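Below is target15.csv, holding CSV, C-alpha atoms.
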chain,number,residue,atom,x,y,z
A,530,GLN,CA,126.9,108.9,121.9
A,531,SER,CA,127.3,106.2,124.6
A,532,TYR,CA,125.1,108.2,127.0
A,533,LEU,CA,122.4,108.7,124.4
A,534,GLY,CA,122.6,105.1,123.4
A,535,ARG,CA,121.8,104.0,126.9
A,536,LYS,CA,118.7,106.3,126.9
A,537,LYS,CA,117.5,104.7,123.7
A,538,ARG,CA,118.3,101.3,125.2
A,539,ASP,CA,116.1,102.1,128.2
A,540,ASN,CA,113.5,103.7,126.0
A,541,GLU,CA,113.9,107.1,127.8
A,542,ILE,CA,114.2,108.8,124.3
A,543,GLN,CA,112.9,107.8,120.9
A,544,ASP,CA,116.0,108.2,118.8
A,545,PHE,CA,118.9,110.6,118.1
A,546,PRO,CA,121.0,111.3,115.0
A,547,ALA,CA,124.7,110.5,115.8
A,548,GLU,CA,126.0,112.6,112.9
A,549,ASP,CA,124.4,115.8,114.1
A,550,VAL,CA,126.3,115.5,117.4
A,551,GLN,CA,129.0,118.2,117.1
A,552,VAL,CA,131.6,119.2,119.7
A,553,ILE,CA,133.6,122.4,119.6
A,554,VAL,CA,136.5,123.1,122.0
A,555,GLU,CA,138.1,126.5,122.4
A,556,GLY,CA,139.9,127.5,125.5
A,557,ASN,CA,138.1,126.8,128.8
A,558,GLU,CA,134.7,126.6,127.1
A,559,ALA,CA,133.6,123.4,125.3
A,560,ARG,CA,130.5,124.0,123.2
A,561,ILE,CA,128.3,121.0,122.6
A,562,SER,CA,125.4,120.6,120.2
A,563,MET,CA,123.1,117.6,119.9
A,564,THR,CA,119.7,116.6,118.5
A,565,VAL,CA,117.3,114.2,120.3
A,566,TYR,CA,113.8,113.0,119.4
A,567,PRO,CA,111.9,113.0,122.7
A,568,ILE,CA,109.8,110.1,123.9
A,569,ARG,CA,106.1,110.8,124.0
A,570,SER,CA,103.0,109.1,125.4
A,571,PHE,CA,100.0,108.3,123.1
A,572,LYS,CA,97.0,110.4,123.7
A,573,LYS,CA,95.1,110.3,120.4
A,574,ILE,CA,94.6,107.5,117.9
A,575,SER,CA,93.0,108.3,114.6
A,576,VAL,CA,91.6,105.5,112.4
A,577,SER,CA,90.5,106.0,108.8
A,578,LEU,CA,88.3,103.0,107.9
A,579,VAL,CA,87.5,102.7,104.2
A,580,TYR,CA,85.0,100.1,102.8
A,581,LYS,CA,85.5,98.8,99.3
A,582,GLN,CA,83.9,96.1,97.1
A,583,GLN,CA,85.5,92.8,96.2
A,584,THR,CA,84.5,90.4,93.3
A,585,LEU,CA,84.5,86.6,93.7
A,586,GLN,CA,84.8,84.0,91.0
A,587,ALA,CA,84.9,80.2,90.7
B,530,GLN,CA,76.5,71.1,90.1
B,531,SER,CA,74.8,68.8,92.6
B,532,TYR,CA,71.4,70.1,91.5
B,533,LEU,CA,72.2,69.6,87.8
B,534,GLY,CA,73.6,66.2,88.5
B,535,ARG,CA,70.3,65.0,90.0
B,536,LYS,CA,68.5,66.2,86.9
B,537,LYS,CA,70.8,64.2,84.7
B,538,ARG,CA,70.4,61.2,87.1
B,539,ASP,CA,66.6,61.5,86.6
B,540,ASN,CA,67.0,62.1,82.9
B,541,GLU,CA,65.2,65.5,83.2
B,542,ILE,CA,68.1,67.1,81.2
B,543,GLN,CA,70.5,65.6,78.6
B,544,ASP,CA,73.8,66.9,80.0
B,545,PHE,CA,75.6,70.0,81.2
B,546,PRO,CA,79.2,71.2,81.2
B,547,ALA,CA,80.5,71.6,84.8
B,548,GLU,CA,83.4,73.9,83.7
B,549,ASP,CA,81.1,76.5,82.2
B,550,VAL,CA,79.2,77.0,85.5
B,551,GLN,CA,80.6,80.3,86.7
B,552,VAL,CA,79.5,82.2,89.8
B,553,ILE,CA,80.2,85.9,90.5
B,554,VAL,CA,79.4,87.5,93.8
B,555,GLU,CA,79.5,91.3,94.3
B,556,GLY,CA,77.6,92.9,97.2
B,557,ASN,CA,74.0,91.8,97.6
B,558,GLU,CA,73.8,90.5,94.0
B,559,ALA,CA,75.1,87.1,93.1
B,560,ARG,CA,75.4,86.6,89.3
B,561,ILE,CA,75.1,83.0,88.2
B,562,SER,CA,75.8,81.6,84.7
B,563,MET,CA,75.3,78.0,83.5
B,564,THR,CA,74.9,75.9,80.4
B,565,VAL,CA,72.4,73.0,80.0
B,566,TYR,CA,71.6,70.8,77.1
B,567,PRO,CA,67.8,70.3,77.2
B,568,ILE,CA,66.1,67.0,77.0
B,569,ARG,CA,64.1,66.4,73.8
B,570,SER,CA,61.6,63.9,72.5
B,571,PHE,CA,62.2,62.1,69.2
B,572,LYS,CA,59.8,63.3,66.4
B,573,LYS,CA,61.7,62.4,63.2
B,574,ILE,CA,64.0,59.5,62.4
B,575,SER,CA,65.9,59.6,59.1
B,576,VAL,CA,67.5,56.4,57.7
B,577,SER,CA,69.9,56.4,54.8
B,578,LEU,CA,70.0,52.8,53.5
B,579,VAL,CA,72.8,52.1,51.0
B,580,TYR,CA,73.1,48.8,49.0
B,581,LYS,CA,76.5,47.5,48.0
B,582,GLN,CA,78.0,44.5,46.3
B,583,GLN,CA,79.9,41.7,48.1
B,584,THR,CA,82.2,39.1,46.6
B,585,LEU,CA,82.3,35.5,47.9
B,586,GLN,CA,85.1,33.0,47.5
B,587,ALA,CA,85.9,29.4,48.5
Show me, as structure tokens, the structure contained in the file I just sent.
Amino acid sequence: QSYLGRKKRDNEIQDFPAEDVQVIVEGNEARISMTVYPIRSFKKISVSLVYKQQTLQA
Amino acid sequence: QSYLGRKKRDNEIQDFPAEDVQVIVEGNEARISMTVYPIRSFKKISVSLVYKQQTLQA
């Protein structure tokens, strides 16, 4: 969690859920499972511009 | 209001209520509503003359 927190601090990753980080230890082996939302660079921006009427008074 | 005020200043109209002047704008159209009391020329004068008694003293 501390290691992933530093990555989020430096914006190397988007975010991670701390709850899903599960660690299982059995003998020599130590199974680790984690979830990470990777950082991505924008390459497409879609804009949906909608025109509408407005009524004025006074 | 300024235009109607000039008419009242020149006695071209009797009077107008400023509050009732409402303007509605929607798209190209611009609906305008106003009230004006038109100027009129006298053509009939009715007089109701009533005679009564008066008492004097001293």
- Would you kindly report the residues of chain B within 6 Å of chain A, using only C-alpha atoms, as an MDAnalysis selection string? chainID B and resid 551:555
Please produce a file of those selected residues containing C-alpha atoms, as a PDB file, in the coordinates of the input.
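To be explicit, this is the file written out as part20.pdb:
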ATOM      1  CA  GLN B 551      80.600  80.300  86.700  1.00  0.00           C
ATOM      2  CA  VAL B 552      79.500  82.200  89.800  1.00  0.00           C
ATOM      3  CA  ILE B 553      80.200  85.900  90.500  1.00  0.00           C
ATOM      4  CA  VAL B 554      79.400  87.500  93.800  1.00  0.00           C
ATOM      5  CA  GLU B 555      79.500  91.300  94.300  1.00  0.00           C
TER       6      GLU B 555
END
- Restricting to all atoms listed in the file, whichever of B:531, B:578, B:566, B:558 is closest to residue 545 in chain B is B:566
- Item | Sel. within 10 Å of pt (64.2, 70.1, 77.1), counting only C-alpha atoms, output as JSON, numbers by chain | {"B": [541, 542, 543, 565, 566, 567, 568, 569, 570]}
Give me the least-squares superposed chain B (reference chain A; all C-alpha atoms paired in order) as a compact mmCIF listing (two decimals) with C-alpha atoms, keeping the file's coordinate frame.
# COMPACT_ATOMS: atom_id res chain seq x y z
CA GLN B 530 126.86 108.96 121.91
CA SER B 531 127.32 106.27 124.55
CA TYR B 532 125.14 108.24 126.96
CA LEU B 533 122.39 108.74 124.35
CA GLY B 534 122.59 105.13 123.37
CA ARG B 535 121.78 103.97 126.91
CA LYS B 536 118.75 106.23 126.92
CA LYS B 537 117.50 104.68 123.73
CA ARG B 538 118.31 101.19 125.18
CA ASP B 539 116.10 102.10 128.19
CA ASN B 540 113.49 103.69 125.97
CA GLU B 541 113.90 107.05 127.82
CA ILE B 542 114.23 108.79 124.37
CA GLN B 543 112.86 107.81 120.92
CA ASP B 544 116.04 108.23 118.86
CA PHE B 545 118.88 110.60 118.07
CA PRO B 546 121.05 111.29 115.03
CA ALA B 547 124.73 110.46 115.78
CA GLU B 548 126.01 112.60 112.83
CA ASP B 549 124.46 115.79 114.15
CA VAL B 550 126.33 115.55 117.49
CA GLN B 551 129.03 118.16 117.05
CA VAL B 552 131.58 119.21 119.66
CA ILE B 553 133.65 122.43 119.58
CA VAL B 554 136.42 123.09 122.03
CA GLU B 555 138.06 126.54 122.36
CA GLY B 556 139.95 127.46 125.55
CA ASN B 557 138.13 126.75 128.79
CA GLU B 558 134.72 126.58 127.06
CA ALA B 559 133.58 123.45 125.34
CA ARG B 560 130.50 124.04 123.11
CA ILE B 561 128.34 120.98 122.65
CA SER B 562 125.42 120.57 120.19
CA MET B 563 123.08 117.56 119.85
CA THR B 564 119.72 116.52 118.51
CA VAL B 565 117.25 114.19 120.33
CA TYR B 566 113.82 113.04 119.43
CA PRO B 567 111.84 113.02 122.72
CA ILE B 568 109.80 110.15 123.93
CA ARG B 569 106.03 110.76 123.98
CA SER B 570 102.95 109.07 125.35
CA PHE B 571 100.02 108.24 123.06
CA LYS B 572 96.93 110.49 123.73
CA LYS B 573 95.02 110.32 120.42
CA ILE B 574 94.61 107.51 117.92
CA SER B 575 92.93 108.32 114.60
CA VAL B 576 91.60 105.49 112.37
CA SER B 577 90.45 106.03 108.83
CA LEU B 578 88.33 102.97 107.92
CA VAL B 579 87.49 102.68 104.21
CA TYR B 580 84.99 100.09 102.78
CA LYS B 581 85.47 98.72 99.30
CA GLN B 582 83.91 96.17 97.01
CA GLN B 583 85.45 92.76 96.18
CA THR B 584 84.57 90.44 93.33
CA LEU B 585 84.55 86.63 93.76
CA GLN B 586 84.84 84.02 91.04
CA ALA B 587 84.93 80.22 90.72
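As for CA of residue 549 in chain B and CA of residue 537 in chain B, they are spaced 16.2 Å apart.
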- Task: State, in Å with one decimal place, the distance from CA of residue 532 in chain B to CA of residue 572 in chain B.
- Result: 28.5 Å
- Query: CA of residue 547 in chain A to CA of residue 562 in chain A: how many Å, to one decimal?
  - Reply: 11.0 Å
Output range 546-569 of chain A as a PDB file, in the frame of the given file, making sure N, CA, C and O atoms are there.
ATOM      1  N   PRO A 546     120.066 111.428 116.071  1.00  0.00           N
ATOM      2  CA  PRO A 546     121.000 111.300 115.000  1.00  0.00           C
ATOM      3  C   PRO A 546     122.464 111.447 115.511  1.00  0.00           C
ATOM      4  O   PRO A 546     122.797 112.487 116.083  1.00  0.00           O
ATOM      5  N   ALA A 547     123.302 110.427 115.313  1.00  0.00           N
ATOM      6  CA  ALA A 547     124.700 110.500 115.800  1.00  0.00           C
ATOM      7  C   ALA A 547     125.499 111.510 114.991  1.00  0.00           C
ATOM      8  O   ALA A 547     126.413 112.134 115.542  1.00  0.00           O
ATOM      9  N   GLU A 548     125.196 111.677 113.701  1.00  0.00           N
ATOM     10  CA  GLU A 548     126.000 112.600 112.900  1.00  0.00           C
ATOM     11  C   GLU A 548     125.869 114.020 113.319  1.00  0.00           C
ATOM     12  O   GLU A 548     126.858 114.762 113.318  1.00  0.00           O
ATOM     13  N   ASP A 549     124.666 114.443 113.713  1.00  0.00           N
ATOM     14  CA  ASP A 549     124.400 115.800 114.100  1.00  0.00           C
ATOM     15  C   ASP A 549     125.136 116.207 115.408  1.00  0.00           C
ATOM     16  O   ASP A 549     125.235 117.401 115.708  1.00  0.00           O
ATOM     17  N   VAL A 550     125.607 115.236 116.187  1.00  0.00           N
ATOM     18  CA  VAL A 550     126.300 115.500 117.400  1.00  0.00           C
ATOM     19  C   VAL A 550     127.652 116.150 117.086  1.00  0.00           C
ATOM     20  O   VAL A 550     128.543 115.463 116.580  1.00  0.00           O
ATOM     21  N   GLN A 551     127.804 117.446 117.355  1.00  0.00           N
ATOM     22  CA  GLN A 551     129.000 118.200 117.100  1.00  0.00           C
ATOM     23  C   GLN A 551     129.572 118.780 118.363  1.00  0.00           C
ATOM     24  O   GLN A 551     128.813 119.280 119.199  1.00  0.00           O
ATOM     25  N   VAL A 552     130.893 118.712 118.514  1.00  0.00           N
ATOM     26  CA  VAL A 552     131.600 119.200 119.700  1.00  0.00           C
ATOM     27  C   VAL A 552     132.652 120.196 119.237  1.00  0.00           C
ATOM     28  O   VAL A 552     133.449 119.891 118.342  1.00  0.00           O
ATOM     29  N   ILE A 553     132.653 121.378 119.850  1.00  0.00           N
ATOM     30  CA  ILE A 553     133.600 122.400 119.600  1.00  0.00           C
ATOM     31  C   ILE A 553     134.304 122.803 120.876  1.00  0.00           C
ATOM     32  O   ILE A 553     133.631 123.095 121.872  1.00  0.00           O
ATOM     33  N   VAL A 554     135.636 122.789 120.869  1.00  0.00           N
ATOM     34  CA  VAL A 554     136.500 123.100 122.000  1.00  0.00           C
ATOM     35  C   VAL A 554     137.311 124.310 121.707  1.00  0.00           C
ATOM     36  O   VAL A 554     137.998 124.327 120.679  1.00  0.00           O
ATOM     37  N   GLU A 555     137.269 125.317 122.576  1.00  0.00           N
ATOM     38  CA  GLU A 555     138.100 126.500 122.400  1.00  0.00           C
ATOM     39  C   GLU A 555     138.343 127.115 123.765  1.00  0.00           C
ATOM     40  O   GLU A 555     137.444 127.670 124.403  1.00  0.00           O
ATOM     41  N   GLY A 556     139.588 126.990 124.216  1.00  0.00           N
ATOM     42  CA  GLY A 556     139.900 127.500 125.500  1.00  0.00           C
ATOM     43  C   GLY A 556     139.227 126.722 126.625  1.00  0.00           C
ATOM     44  O   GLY A 556     139.030 125.504 126.540  1.00  0.00           O
ATOM     45  N   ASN A 557     138.835 127.443 127.678  1.00  0.00           N
ATOM     46  CA  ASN A 557     138.100 126.800 128.800  1.00  0.00           C
ATOM     47  C   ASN A 557     136.768 126.275 128.324  1.00  0.00           C
ATOM     48  O   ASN A 557     136.360 125.177 128.721  1.00  0.00           O
ATOM     49  N   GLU A 558     136.061 127.035 127.492  1.00  0.00           N
ATOM     50  CA  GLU A 558     134.700 126.600 127.100  1.00  0.00           C
ATOM     51  C   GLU A 558     134.808 125.417 126.135  1.00  0.00           C
ATOM     52  O   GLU A 558     135.798 125.194 125.434  1.00  0.00           O
ATOM     53  N   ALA A 559     133.736 124.620 126.154  1.00  0.00           N
ATOM     54  CA  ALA A 559     133.600 123.400 125.300  1.00  0.00           C
ATOM     55  C   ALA A 559     132.141 123.384 124.843  1.00  0.00           C
ATOM     56  O   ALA A 559     131.285 122.824 125.533  1.00  0.00           O
ATOM     57  N   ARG A 560     131.868 123.970 123.681  1.00  0.00           N
ATOM     58  CA  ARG A 560     130.500 124.000 123.200  1.00  0.00           C
ATOM     59  C   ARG A 560     130.093 122.659 122.634  1.00  0.00           C
ATOM     60  O   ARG A 560     130.851 122.002 121.913  1.00  0.00           O
ATOM     61  N   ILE A 561     128.886 122.235 123.003  1.00  0.00           N
ATOM     62  CA  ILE A 561     128.300 121.000 122.600  1.00  0.00           C
ATOM     63  C   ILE A 561     126.952 121.197 121.992  1.00  0.00           C
ATOM     64  O   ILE A 561     126.162 121.987 122.521  1.00  0.00           O
ATOM     65  N   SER A 562     126.676 120.527 120.876  1.00  0.00           N
ATOM     66  CA  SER A 562     125.400 120.600 120.200  1.00  0.00           C
ATOM     67  C   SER A 562     124.937 119.176 119.863  1.00  0.00           C
ATOM     68  O   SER A 562     125.731 118.368 119.372  1.00  0.00           O
ATOM     69  N   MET A 563     123.666 118.885 120.125  1.00  0.00           N
ATOM     70  CA  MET A 563     123.100 117.600 119.900  1.00  0.00           C
ATOM     71  C   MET A 563     121.637 117.696 119.533  1.00  0.00           C
ATOM     72  O   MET A 563     120.991 118.698 119.851  1.00  0.00           O
ATOM     73  N   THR A 564     121.114 116.663 118.875  1.00  0.00           N
ATOM     74  CA  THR A 564     119.700 116.600 118.500  1.00  0.00           C
ATOM     75  C   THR A 564     119.146 115.274 119.125  1.00  0.00           C
ATOM     76  O   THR A 564     119.791 114.222 119.069  1.00  0.00           O
ATOM     77  N   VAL A 565     117.954 115.371 119.709  1.00  0.00           N
ATOM     78  CA  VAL A 565     117.300 114.200 120.300  1.00  0.00           C
ATOM     79  C   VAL A 565     115.811 114.288 119.995  1.00  0.00           C
ATOM     80  O   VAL A 565     115.190 115.355 120.054  1.00  0.00           O
ATOM     81  N   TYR A 566     115.247 113.135 119.632  1.00  0.00           N
ATOM     82  CA  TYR A 566     113.800 113.000 119.400  1.00  0.00           C
ATOM     83  C   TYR A 566     113.162 112.574 120.715  1.00  0.00           C
ATOM     84  O   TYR A 566     113.378 111.431 121.141  1.00  0.00           O
ATOM     85  N   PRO A 567     112.375 113.418 121.390  1.00  0.00           N
ATOM     86  CA  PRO A 567     111.900 113.000 122.700  1.00  0.00           C
ATOM     87  C   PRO A 567     110.879 111.925 122.690  1.00  0.00           C
ATOM     88  O   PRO A 567     110.154 111.740 121.710  1.00  0.00           O
ATOM     89  N   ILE A 568     110.828 111.169 123.788  1.00  0.00           N
ATOM     90  CA  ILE A 568     109.800 110.100 123.900  1.00  0.00           C
ATOM     91  C   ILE A 568     108.487 110.791 124.300  1.00  0.00           C
ATOM     92  O   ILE A 568     108.444 111.784 125.038  1.00  0.00           O
ATOM     93  N   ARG A 569     107.396 110.241 123.767  1.00  0.00           N
ATOM     94  CA  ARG A 569     106.100 110.800 124.000  1.00  0.00           C
ATOM     95  C   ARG A 569     105.090 109.670 124.286  1.00  0.00           C
ATOM     96  O   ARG A 569     105.301 108.512 123.914  1.00  0.00           O
TER      97      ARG A 569
END
